[PDB]
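> First the structure, which I've put down as structure tokens, then a few questions once you've had a look.
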Amino acid sequence: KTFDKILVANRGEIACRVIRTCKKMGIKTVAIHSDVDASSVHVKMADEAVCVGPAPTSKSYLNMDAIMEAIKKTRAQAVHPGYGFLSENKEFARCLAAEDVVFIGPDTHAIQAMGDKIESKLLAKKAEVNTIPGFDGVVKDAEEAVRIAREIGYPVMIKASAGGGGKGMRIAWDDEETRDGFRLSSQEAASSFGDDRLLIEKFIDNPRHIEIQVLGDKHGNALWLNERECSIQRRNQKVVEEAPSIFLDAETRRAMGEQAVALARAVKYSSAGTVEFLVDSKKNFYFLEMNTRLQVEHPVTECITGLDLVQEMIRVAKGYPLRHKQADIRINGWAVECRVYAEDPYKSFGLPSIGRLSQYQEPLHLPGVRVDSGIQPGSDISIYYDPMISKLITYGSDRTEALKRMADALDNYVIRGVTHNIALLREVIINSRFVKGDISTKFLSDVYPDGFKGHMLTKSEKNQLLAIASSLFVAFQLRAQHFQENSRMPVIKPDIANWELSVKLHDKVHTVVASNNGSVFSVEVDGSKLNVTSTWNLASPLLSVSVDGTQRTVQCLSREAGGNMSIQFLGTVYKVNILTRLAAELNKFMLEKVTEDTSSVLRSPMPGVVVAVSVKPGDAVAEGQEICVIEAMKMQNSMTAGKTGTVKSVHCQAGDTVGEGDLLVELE
Amino acid sequence: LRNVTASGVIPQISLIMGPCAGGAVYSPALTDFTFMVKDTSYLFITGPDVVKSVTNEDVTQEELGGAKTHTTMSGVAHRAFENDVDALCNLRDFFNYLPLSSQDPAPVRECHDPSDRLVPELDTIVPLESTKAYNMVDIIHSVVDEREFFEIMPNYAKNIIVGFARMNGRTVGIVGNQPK
Ligand SMILES: CCC(=O)SCCNC(=O)CCNC(=O)[C@H](O)C(C)(C)COP(=O)(O)OP(=O)(O)OC[C@H]1O[C@@H](n2cnc3c(N)ncnc32)[C@H](O)[C@@H]1OP(=O)(O)O
């Protein structure tokens, strides 16, 4: 029937996906891991595991020789590398095939065929897709810049024959600024890098990035699946994707699907892969690139096609034909996917954090929600690997149902111990341009021109947040009074009919008066009447409240006796300081002393010998990042940074002996 | 005489809210916990005026008996709080842990935290390598009710952790090592 044993050459949720599929198929799965990944989820889910190497991936997941030893040691029949590590490594596939182990993925012909841009462009010309002509020559005269454009098209770009970074580049539409752009570049470019030869090609406006997936067959067949819209991205990495685009009608889907197949059938791509198109504002589709590997955006198409990509790839690798025909591939609903990273969205959109996970709870009780995660509580996330936490997939019958369900899943998704990007995901999906669909590949750069700031509250939302925070504050104050009765010392519950609070938010102080009527608190927030009803279970990480009929989910992350509370509301953490009337009135007499934040000055907490320094000046530093290791009484005290930035100076080197309080490293 | 007689009979808590000199400075030595207010409270027998007059040493009022000295170095004060309002707010919370008298059992309070839940986060805290330190506080916080822990002398004798917490509603005391 199928394989008896498959080895997976990857880690994390992608390894978990294969392990689950194999178990469904009745196939034993072998995992590989590094020494630090020995307790990761995919290692425990697999049937057998082999340790390959140490923490850095170059010696554990890219060490093809050590992996080959594991493959034969366990008598594995086929290898599925997933994506990333050795999915395009030809030397691995070559030496793997030399040993008659079935490789699941592209063959080496497809990897080399798309090895560079020349073969890819030539394929698009042969398969007949698009690849819009440019000018195969140098533009020299003042009238050639416009005459050549007139023959090929309208939107015309002027760029240097070699170079980049604005090396005389200008965007032109009509003939007047095309002539002007050329002559400016042709007379001034010679002063930059000594070259004033200009070329012209054709461009598109507000692009959208659209993928079409193709499933190849070893027998020559190939089918195309529904597209994916992948325009929400930062640092050239996608974060949110939608399957049933919006920029395509039935005819466009067929037209572009056939071209994606035409590429696959002309290189004989008998594997699963993706073809990337760019579409302009006028629905003109242009070829961009052909990808050979299971994409990270393959769990969102499955929810509307009803397929299982890993199951299909394994049967094709065994040698079975495709089990479906094109007429059976349709859109059964809508699906949207969000990638959750252990990153700070404020620090230039996604600066990696370092840490351990103390609380973790996936929203699997909600309808239409599928969470694909490679982590479990008590997992560490570190600098050696892309800080992925999970991929959250939500589907529904329509576009509004899938988006609403996604919003709910994000608020019921508990991640604590690291900094995550839920606030960014929760606001983008509710943005008026996203709901309508006016999204370009530079969407986030125009919405957040000054960086990510967090969810902005309106009048009614501030009243709901104040009412919830005030009612929760009182709920703790009432719980504090309920003791088991001591027969020796009677306890008399204070008859507090009204709680008069002064609730400070960012820079405003609000007047809030609350009273308890059982399960519901009646709260007056600056004259506005709100009724907050709940069960008020104060131990749960997820507190469900109803405020004037509006259903909210909030999380209380921290509490202090001084009135400080950290409450997450609509994905954003808000800091509120709740004092009683009396405490707030007297607190004005306190001196506003301010101390210095010296988080850039990293000193030795413990005497001993310095055995490692992870940095030199100029090195990037994340919060929680290990900087120095000291060694005394044969231990490894690790000193971490409290500031994100770069290193300014390294004051103590490995081999040096330091005492308590000595300066080790100074940050910028 | 009363402070000694009351020992082991009723809790005795002393919060210092300003300077304290002469014989007064000994009452917190007889009570059970001493708390201070940063940059406001002092504990010393004689002032800097006497130190300068008796011996050739130069010292100011904060260096001689300030809150930072007694919570970080001498081990006299159990914790200092930033200001008067925060100091009393935390004092109310601390009070709720203790029985009224030694004749009473540890208080038990309403608790919503299920007593039979697991904490998977503990399985991987302790490294297999003997030379790698870990934070003991991560274990303490995950076990105690609703992850609330009251730490005593956070800045003094950091190699041992002591404090108060609740488990299933009942007040308990926790002692443990800090391998870091
Ligand atoms: C060892 C023996 C014992 O059992 S205790 C012996 C008592 N001897 C002392 O403590 C000396 C008194 N002063 C000091 O110790 C320090 O200088 C103190 C006062 C604590 C520093 O506090 P500081 O903020 O400078 O206050 P201050 O000197 O301005 O005094 C404030 C007001 O209170 C008065 N005061 C103070 N101590 C006494 C005392 N023992 N008897 C009578 N009055 C006292 C001061 O005169 C002053 O009032 P005013 O501001 O002058 O109107």
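As shown in the structure tokens, the chain order sets the letters A, B, ...; within each chain, residues go from 1, and ligands are also counted from 1 in the order they appear.
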Distance limit 8 Å, atoms considered: only C-alpha atoms. Which chain A residues sit that close to chain B? Return them as a list in words.
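Result: residues 39, 357, 358, 359, 377, 378, 379, 479, 480, 482, 483, 484, 537, 538, 539, 540, 561, 562, 583, 586, 587, 590, 634, 635, 636, 637 and 638 of chain A.
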> Taking a cut-off of 7 Å and counting only C-alpha atoms and all ligand atoms, can you build a table that, for each residue of chain B near ligand 1, reports the nearest atom pair and how far apart they are in Å (one decimal), sorted by chain then residue number, as CSV?

```
residue,atom,partner,partner_atom_place_in_ligand_line,distance
B:19,CA,ligand 1,20 (C),5.2
B:20,CA,ligand 1,20 (C),5.8
B:21,CA,ligand 1,10 (O),4.2
B:22,CA,ligand 1,5 (S),2.4
B:23,CA,ligand 1,4 (O),3.1
B:24,CA,ligand 1,4 (O),6.1
B:45,CA,ligand 1,1 (C),6.0
B:46,CA,ligand 1,15 (O),6.3
B:47,CA,ligand 1,15 (O),5.8
```
> Report as an MDAnalysis selection string all protein, DNA and RNA residues lying within 12 Å of residue A:319, evaluated on only C-alpha atoms, omitting residues in the same chain fewer than 5 positions from it.
chainID A and resid 1:3 102:104 216:220 270:271 312:314
> Assign secondary structure with DSSP using the backbone only, and return the residues of chain B in strand (DSSP E or B) as a PDB file with N, CA, C and O atoms, in the first residue's frame.

```
ATOM      1  N   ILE B  13       3.778  43.360  63.554  1.00  0.00           N
ATOM      2  CA  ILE B  13       4.259  43.955  62.318  1.00  0.00           C
ATOM      3  C   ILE B  13       4.638  45.389  62.611  1.00  0.00           C
ATOM      4  O   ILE B  13       3.861  46.123  63.229  1.00  0.00           O
ATOM      5  N   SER B  14       5.809  45.806  62.164  1.00  0.00           N
ATOM      6  CA  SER B  14       6.243  47.176  62.353  1.00  0.00           C
ATOM      7  C   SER B  14       6.642  47.781  61.020  1.00  0.00           C
ATOM      8  O   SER B  14       7.544  47.289  60.340  1.00  0.00           O
ATOM      9  N   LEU B  15       5.934  48.836  60.628  1.00  0.00           N
ATOM     10  CA  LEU B  15       6.221  49.566  59.400  1.00  0.00           C
ATOM     11  C   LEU B  15       6.843  50.897  59.777  1.00  0.00           C
ATOM     12  O   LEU B  15       6.253  51.657  60.541  1.00  0.00           O
ATOM     13  N   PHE B  33       8.047  41.228  61.561  1.00  0.00           N
ATOM     14  CA  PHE B  33       8.451  41.746  60.265  1.00  0.00           C
ATOM     15  C   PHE B  33       8.669  43.238  60.399  1.00  0.00           C
ATOM     16  O   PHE B  33       7.920  43.922  61.097  1.00  0.00           O
ATOM     17  N   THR B  34       9.681  43.740  59.700  1.00  0.00           N
ATOM     18  CA  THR B  34       9.962  45.166  59.653  1.00  0.00           C
ATOM     19  C   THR B  34       9.910  45.619  58.212  1.00  0.00           C
ATOM     20  O   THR B  34      10.550  45.002  57.363  1.00  0.00           O
ATOM     21  N   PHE B  35       9.142  46.659  57.924  1.00  0.00           N
ATOM     22  CA  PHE B  35       9.069  47.183  56.569  1.00  0.00           C
ATOM     23  C   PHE B  35       9.454  48.646  56.591  1.00  0.00           C
ATOM     24  O   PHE B  35       9.313  49.311  57.615  1.00  0.00           O
ATOM     25  N   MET B  36       9.930  49.159  55.462  1.00  0.00           N
ATOM     26  CA  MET B  36      10.359  50.543  55.390  1.00  0.00           C
ATOM     27  C   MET B  36       9.817  51.195  54.128  1.00  0.00           C
ATOM     28  O   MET B  36       9.234  50.542  53.264  1.00  0.00           O
ATOM     29  N   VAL B  37      10.016  52.509  54.048  1.00  0.00           N
ATOM     30  CA  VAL B  37       9.645  53.315  52.894  1.00  0.00           C
ATOM     31  C   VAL B  37      10.916  53.913  52.316  1.00  0.00           C
ATOM     32  O   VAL B  37      11.684  54.560  53.034  1.00  0.00           O
ATOM     33  N   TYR B  42      14.332  55.682  58.165  1.00  0.00           N
ATOM     34  CA  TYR B  42      15.691  55.382  58.586  1.00  0.00           C
ATOM     35  C   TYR B  42      15.641  54.520  59.838  1.00  0.00           C
ATOM     36  O   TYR B  42      14.693  54.592  60.622  1.00  0.00           O
ATOM     37  N   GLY B  66      19.672  54.257  55.983  1.00  0.00           N
ATOM     38  CA  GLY B  66      18.611  54.349  55.003  1.00  0.00           C
ATOM     39  C   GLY B  66      17.972  53.006  54.700  1.00  0.00           C
ATOM     40  O   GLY B  66      18.523  51.937  54.965  1.00  0.00           O
ATOM     41  N   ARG B  79      11.380  44.475  53.656  1.00  0.00           N
ATOM     42  CA  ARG B  79      11.120  45.063  52.360  1.00  0.00           C
ATOM     43  C   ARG B  79      10.840  46.543  52.436  1.00  0.00           C
ATOM     44  O   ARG B  79      10.195  46.993  53.365  1.00  0.00           O
ATOM     45  N   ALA B  80      11.310  47.301  51.456  1.00  0.00           N
ATOM     46  CA  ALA B  80      11.005  48.717  51.380  1.00  0.00           C
ATOM     47  C   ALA B  80      10.053  48.967  50.226  1.00  0.00           C
ATOM     48  O   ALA B  80      10.148  48.330  49.179  1.00  0.00           O
ATOM     49  N   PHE B  81       9.136  49.903  50.423  1.00  0.00           N
ATOM     50  CA  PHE B  81       8.150  50.253  49.416  1.00  0.00           C
ATOM     51  C   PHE B  81       8.389  51.684  48.970  1.00  0.00           C
ATOM     52  O   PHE B  81       8.981  52.480  49.701  1.00  0.00           O
ATOM     53  N   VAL B 108      -7.884  30.199  55.795  1.00  0.00           N
ATOM     54  CA  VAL B 108      -8.285  29.608  54.529  1.00  0.00           C
ATOM     55  C   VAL B 108      -9.250  30.574  53.864  1.00  0.00           C
ATOM     56  O   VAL B 108     -10.227  31.003  54.484  1.00  0.00           O
ATOM     57  N   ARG B 109      -8.986  30.925  52.619  1.00  0.00           N
ATOM     58  CA  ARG B 109      -9.827  31.852  51.907  1.00  0.00           C
ATOM     59  C   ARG B 109     -10.422  31.277  50.643  1.00  0.00           C
ATOM     60  O   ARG B 109      -9.885  30.351  50.078  1.00  0.00           O
ATOM     61  N   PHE B 150       4.340  36.292  47.555  1.00  0.00           N
ATOM     62  CA  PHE B 150       4.813  37.461  48.284  1.00  0.00           C
ATOM     63  C   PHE B 150       6.253  37.231  48.700  1.00  0.00           C
ATOM     64  O   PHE B 150       6.517  36.443  49.598  1.00  0.00           O
ATOM     65  N   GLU B 151       7.191  37.915  48.067  1.00  0.00           N
ATOM     66  CA  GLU B 151       8.592  37.644  48.344  1.00  0.00           C
ATOM     67  C   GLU B 151       9.110  38.558  49.447  1.00  0.00           C
ATOM     68  O   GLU B 151       8.814  39.750  49.466  1.00  0.00           O
ATOM     69  N   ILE B 160      18.760  32.317  48.677  1.00  0.00           N
ATOM     70  CA  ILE B 160      17.665  31.581  49.280  1.00  0.00           C
ATOM     71  C   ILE B 160      16.411  32.431  49.162  1.00  0.00           C
ATOM     72  O   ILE B 160      16.447  33.655  49.311  1.00  0.00           O
ATOM     73  N   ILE B 161      15.311  31.780  48.800  1.00  0.00           N
ATOM     74  CA  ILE B 161      14.031  32.432  48.562  1.00  0.00           C
ATOM     75  C   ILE B 161      13.083  32.007  49.665  1.00  0.00           C
ATOM     76  O   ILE B 161      12.923  30.808  49.918  1.00  0.00           O
ATOM     77  N   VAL B 162      12.459  32.982  50.319  1.00  0.00           N
ATOM     78  CA  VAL B 162      11.419  32.714  51.300  1.00  0.00           C
ATOM     79  C   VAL B 162      10.255  33.653  51.028  1.00  0.00           C
ATOM     80  O   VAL B 162      10.425  34.786  50.575  1.00  0.00           O
ATOM     81  N   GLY B 163       9.053  33.161  51.283  1.00  0.00           N
ATOM     82  CA  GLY B 163       7.905  34.034  51.150  1.00  0.00           C
ATOM     83  C   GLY B 163       6.610  33.319  51.421  1.00  0.00           C
ATOM     84  O   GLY B 163       6.581  32.141  51.778  1.00  0.00           O
ATOM     85  N   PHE B 164       5.527  34.061  51.247  1.00  0.00           N
ATOM     86  CA  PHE B 164       4.183  33.595  51.525  1.00  0.00           C
ATOM     87  C   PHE B 164       3.437  33.342  50.233  1.00  0.00           C
ATOM     88  O   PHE B 164       3.644  34.028  49.229  1.00  0.00           O
ATOM     89  N   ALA B 165       2.562  32.346  50.265  1.00  0.00           N
ATOM     90  CA  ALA B 165       1.658  32.081  49.161  1.00  0.00           C
ATOM     91  C   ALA B 165       0.493  31.269  49.698  1.00  0.00           C
ATOM     92  O   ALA B 165       0.525  30.793  50.832  1.00  0.00           O
ATOM     93  N   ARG B 166      -0.487  31.038  48.843  1.00  0.00           N
ATOM     94  CA  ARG B 166      -1.611  30.187  49.158  1.00  0.00           C
ATOM     95  C   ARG B 166      -1.664  28.975  48.278  1.00  0.00           C
ATOM     96  O   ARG B 166      -1.339  29.061  47.115  1.00  0.00           O
ATOM     97  N   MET B 167      -2.101  27.846  48.799  1.00  0.00           N
ATOM     98  CA  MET B 167      -2.394  26.698  47.960  1.00  0.00           C
ATOM     99  C   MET B 167      -3.712  26.118  48.422  1.00  0.00           C
ATOM    100  O   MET B 167      -3.866  25.800  49.606  1.00  0.00           O
ATOM    101  N   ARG B 170      -5.325  27.943  51.411  1.00  0.00           N
ATOM    102  CA  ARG B 170      -4.662  27.981  52.701  1.00  0.00           C
ATOM    103  C   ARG B 170      -3.318  28.676  52.587  1.00  0.00           C
ATOM    104  O   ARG B 170      -2.570  28.446  51.642  1.00  0.00           O
ATOM    105  N   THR B 171      -3.023  29.539  53.549  1.00  0.00           N
ATOM    106  CA  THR B 171      -1.731  30.204  53.581  1.00  0.00           C
ATOM    107  C   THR B 171      -0.637  29.192  53.868  1.00  0.00           C
ATOM    108  O   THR B 171      -0.764  28.379  54.778  1.00  0.00           O
ATOM    109  N   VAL B 172       0.431  29.223  53.079  1.00  0.00           N
ATOM    110  CA  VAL B 172       1.610  28.414  53.343  1.00  0.00           C
ATOM    111  C   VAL B 172       2.846  29.287  53.233  1.00  0.00           C
ATOM    112  O   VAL B 172       2.833  30.355  52.612  1.00  0.00           O
ATOM    113  N   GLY B 173       3.917  28.831  53.864  1.00  0.00           N
ATOM    114  CA  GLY B 173       5.221  29.443  53.723  1.00  0.00           C
ATOM    115  C   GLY B 173       6.076  28.584  52.809  1.00  0.00           C
ATOM    116  O   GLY B 173       6.012  27.360  52.854  1.00  0.00           O
ATOM    117  N   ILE B 174       6.864  29.242  51.977  1.00  0.00           N
ATOM    118  CA  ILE B 174       7.692  28.580  50.988  1.00  0.00           C
ATOM    119  C   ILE B 174       9.140  28.967  51.229  1.00  0.00           C
ATOM    120  O   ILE B 174       9.443  30.148  51.413  1.00  0.00           O
ATOM    121  N   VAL B 175      10.011  27.971  51.250  1.00  0.00           N
ATOM    122  CA  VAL B 175      11.446  28.160  51.341  1.00  0.00           C
ATOM    123  C   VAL B 175      12.088  27.331  50.234  1.00  0.00           C
ATOM    124  O   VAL B 175      11.624  26.233  49.920  1.00  0.00           O
ATOM    125  N   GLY B 176      13.066  27.910  49.561  1.00  0.00           N
ATOM    126  CA  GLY B 176      13.770  27.164  48.537  1.00  0.00           C
ATOM    127  C   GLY B 176      15.090  27.782  48.137  1.00  0.00           C
ATOM    128  O   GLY B 176      15.391  28.903  48.533  1.00  0.00           O
ATOM    129  N   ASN B 177      15.886  27.070  47.354  1.00  0.00           N
ATOM    130  CA  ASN B 177      17.171  27.605  46.937  1.00  0.00           C
ATOM    131  C   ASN B 177      17.024  28.377  45.638  1.00  0.00           C
ATOM    132  O   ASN B 177      16.086  28.165  44.873  1.00  0.00           O
TER     133      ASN B 177
END
```
> For residue A:296, work out the shell of residues within 10 Å, counting only C-alpha atoms and skipping chain neighbours fewer than 5 positions away, then give it as an NGL selection string.
:A and (14 or 82-84 or 238 or 339 or 391)
> Quick one: everything within 6 Å of residue A:392, counting only C-alpha atoms, minus sequence neighbours fewer than 4 positions away in the same chain. Send it as an mmCIF file with C-alpha atoms, in the first residue's frame.

```cif
data_model
loop_
_atom_site.group_PDB
_atom_site.id
_atom_site.type_symbol
_atom_site.label_atom_id
_atom_site.label_comp_id
_atom_site.auth_asym_id
_atom_site.auth_seq_id
_atom_site.Cartn_x
_atom_site.Cartn_y
_atom_site.Cartn_z
ATOM 1 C CA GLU A 337 -4.533 32.414 8.341
ATOM 2 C CA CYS A 338 -2.402 34.442 10.741
ATOM 3 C CA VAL A 371 -4.310 25.783 15.424
#
```
> List as a PyMOL selection string the protein and nucleic acid residues near stretch 415-430 of chain A, meaning an atom at most 6 Å away when only C-alpha atoms are counted, but skip any in the same chain fewer than 3 places from it.
chain A and resi 341-345+355-360+571-572
> Using only C-alpha atoms, determine which residues lie at most 12 Å from residue B:62, disregarding the query and same-chain residues fewer than 6 positions distant; provide the list as a list in words.
residues 18, 19, 38, 39, 40, 41, 42, 43, 44, 47, 48, 68, 69 and 70 of chain B
> Output C-alpha atoms for every residue in the selection just made, as a CSV table (one decimal), in the first residue's frame.

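Saved the output as part_34.csv:
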```csv
chain,number,residue,atom,x,y,z
B,18,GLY,CA,10.2,58.0,58.9
B,19,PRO,CA,13.4,58.4,61.0
B,38,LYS,CA,12.4,54.1,50.4
B,39,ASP,CA,14.2,57.4,50.9
B,40,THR,CA,11.9,58.4,53.8
B,41,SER,CA,12.5,56.0,56.6
B,42,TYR,CA,15.7,55.4,58.6
B,43,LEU,CA,16.9,53.0,61.3
B,44,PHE,CA,19.9,53.8,63.4
B,47,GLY,CA,23.1,59.9,63.8
B,48,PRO,CA,26.0,60.8,61.5
B,68,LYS,CA,18.2,50.7,50.9
B,69,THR,CA,21.0,49.7,53.3
B,70,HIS,CA,18.8,47.7,55.6
```
> Run DSSP on the backbone and grab whatever in chain B lands in alpha helix (DSSP H); send it over as a ChimeraX atom specification.
/B:2-5,27-30,48-54,61-65,67-72,84-95,137-143
> Just write the chosen residues, C-alpha atoms, as a JSON list (two decimals), in the first residue's frame.

```json
[["chain", "number", "residue", "atom", "x", "y", "z"],
["B", 2, "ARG", "CA", 5.19, 43.63, 75.95],
["B", 3, "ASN", "CA", 6.90, 42.95, 72.60],
["B", 4, "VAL", "CA", 8.71, 39.99, 74.08],
["B", 5, "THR", "CA", 5.60, 38.70, 75.88],
["B", 27, "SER", "CA", 11.20, 47.66, 68.78],
["B", 28, "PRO", "CA", 11.35, 46.40, 65.14],
["B", 29, "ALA", "CA", 13.99, 43.94, 66.34],
["B", 30, "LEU", "CA", 11.43, 42.30, 68.61],
["B", 48, "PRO", "CA", 25.97, 60.78, 61.51],
["B", 49, "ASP", "CA", 26.82, 63.59, 63.95],
["B", 50, "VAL", "CA", 27.99, 61.05, 66.51],
["B", 51, "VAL", "CA", 29.85, 58.89, 64.01],
["B", 52, "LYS", "CA", 31.87, 61.92, 62.86],
["B", 53, "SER", "CA", 32.54, 63.05, 66.43],
["B", 54, "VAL", "CA", 33.63, 59.63, 67.71],
["B", 61, "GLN", "CA", 21.84, 59.95, 56.73],
["B", 62, "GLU", "CA", 20.95, 57.54, 53.94],
["B", 63, "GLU", "CA", 24.27, 55.67, 54.06],
["B", 64, "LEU", "CA", 24.14, 55.20, 57.82],
["B", 65, "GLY", "CA", 20.59, 53.97, 58.22],
["B", 67, "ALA", "CA", 16.01, 51.89, 53.74],
["B", 68, "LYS", "CA", 18.24, 50.73, 50.88],
["B", 69, "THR", "CA", 21.01, 49.74, 53.30],
["B", 70, "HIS", "CA", 18.76, 47.68, 55.57],
["B", 71, "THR", "CA", 16.91, 45.90, 52.76],
["B", 72, "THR", "CA", 20.01, 45.18, 50.67],
["B", 84, "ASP", "CA", 3.51, 55.89, 51.81],
["B", 85, "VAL", "CA", 0.42, 55.01, 49.75],
["B", 86, "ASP", "CA", 1.92, 51.91, 48.12],
["B", 87, "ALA", "CA", 3.42, 50.83, 51.45],
["B", 88, "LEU", "CA", 0.04, 50.68, 53.13],
["B", 89, "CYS", "CA", -1.65, 49.05, 50.13],
["B", 90, "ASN", "CA", 0.87, 46.22, 50.23],
["B", 91, "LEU", "CA", 0.55, 46.05, 54.02],
["B", 92, "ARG", "CA", -3.18, 45.33, 53.75],
["B", 93, "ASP", "CA", -2.39, 42.51, 51.30],
["B", 94, "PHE", "CA", 0.32, 41.12, 53.58],
["B", 95, "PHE", "CA", -2.03, 41.23, 56.57],
["B", 137, "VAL", "CA", 10.89, 31.44, 41.13],
["B", 138, "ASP", "CA", 9.41, 29.98, 37.93],
["B", 139, "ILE", "CA", 8.54, 26.82, 39.87],
["B", 140, "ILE", "CA", 7.16, 28.68, 42.89],
["B", 141, "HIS", "CA", 4.90, 30.90, 40.79],
["B", 142, "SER", "CA", 3.50, 28.00, 38.78],
["B", 143, "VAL", "CA", 2.56, 25.94, 41.85]]
```
> Kindly give the distance, in Å, that separates atom CA of residue B:75 and atom CA of residue B:157, rounded to a single decimal.
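So the two atoms, atom CA of residue B:75 and atom CA of residue B:157, lie 8.1 Å apart.
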> In Å, rounded to a single decimal, give me how far atom CA of residue A:114 is from atom CA of residue A:77.
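One can read the atom CA of residue A:77 to atom CA of residue A:114 distance as 27.5 Å.
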> In Å, how far is it from atom CA of residue A:92 to atom CA of residue A:6?
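Computing the Euclidean distance for atom CA of residue A:92 and atom CA of residue A:6 yields 16.3 Å.
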